[PDB]
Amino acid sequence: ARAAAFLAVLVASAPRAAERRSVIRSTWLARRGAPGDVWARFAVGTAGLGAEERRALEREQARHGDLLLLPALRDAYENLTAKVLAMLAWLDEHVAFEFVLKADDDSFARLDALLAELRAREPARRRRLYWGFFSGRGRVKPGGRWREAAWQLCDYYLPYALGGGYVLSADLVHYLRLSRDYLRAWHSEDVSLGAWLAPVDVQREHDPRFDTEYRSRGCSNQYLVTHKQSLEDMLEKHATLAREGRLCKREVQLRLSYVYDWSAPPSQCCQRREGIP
């Protein structure tokens, strides 16, 4: 009796962040196409929470029905690697889906546009898809004695999609589930996931329509996913989409973007330039 949808959506959300969930479920999670198109949840770890805290979550779930409560996962602010692995492994086991969008509770995604884009891909462009805004020259954090047991794999991080939002095909999620007990953690979930997929025949696809870096590049009506959004920002975008059928009251390019050059060494992937959102 597994739930089934075309596009699963998993929004990482800490136990206490109920007010953010309220805005998200009332805005971009509500505009989710026809029945059967989307299955969407907020992924919350409940390990180590007390009775009152767990009761609050159960009340929220009874009211809204959109929480994925992961009882074995200790929710943590510093590194969401464990959370991302847990919620994807759960999804592989429990939901029949073709693609999954991972997002944060400061993301905003146009689910209707994402659905239409995915539906328009032919088989080849759907197979083993890992889709988002990639970095191949991510600077690696200072190491210590822990590196003896966990070598640095590259002078820069292995190519990975930034964690403001990325999409995976179901097949890739199954590989993560199968391999779960072996996987190493890097300092950030997005970095970790890119390393996880390093061995795999995977169709990485860089797309400037993902405004998913640690700072937003502004507002483009072309964006499918954008990150670092305040609640006010989410409410404004939701309203503009409803009023005018576009994301932005005013498009603005705050920071230059790039197109990932797969013909170059990864350190040379990412020249910032005009003309790209």
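In case it trips you up, residue 1 is the first one in the sequence shown, and so on.
As recorded in the PDB entry, 121-129 is the stretch of 68-76 and 121-129 with the greater mean C-alpha temperature factor. Mean CA temperature factor is higher for 265-273 when stretches 7-15 and 265-273 are set side by side in the entry. When the Cα B-factors of 250, 237, 32, 41 are read from the PDB record, 32 comes out highest. You'll see in the entry that, of 154, 91, 170, 114, the Cα B factor peaks at 114. Among the modelled residues of the chain, residue 214 sits in the highest third by CA temperature factor in this PDB entry.
Ranked against the other modelled residues of its chain, the C-alpha B-factor of residue 242 as given in the entry falls in the highest third. Ranked by Cα temperature factor within the chain, residue 196 sits in the lowest third according to the deposited record. Remark: residue 105 belongs to the highest third of its chain, ranked by C-alpha B-factor as recorded. The entry lists a Cα temperature factor for residue 208 that places it in the lowest third of the chain's modelled residues.
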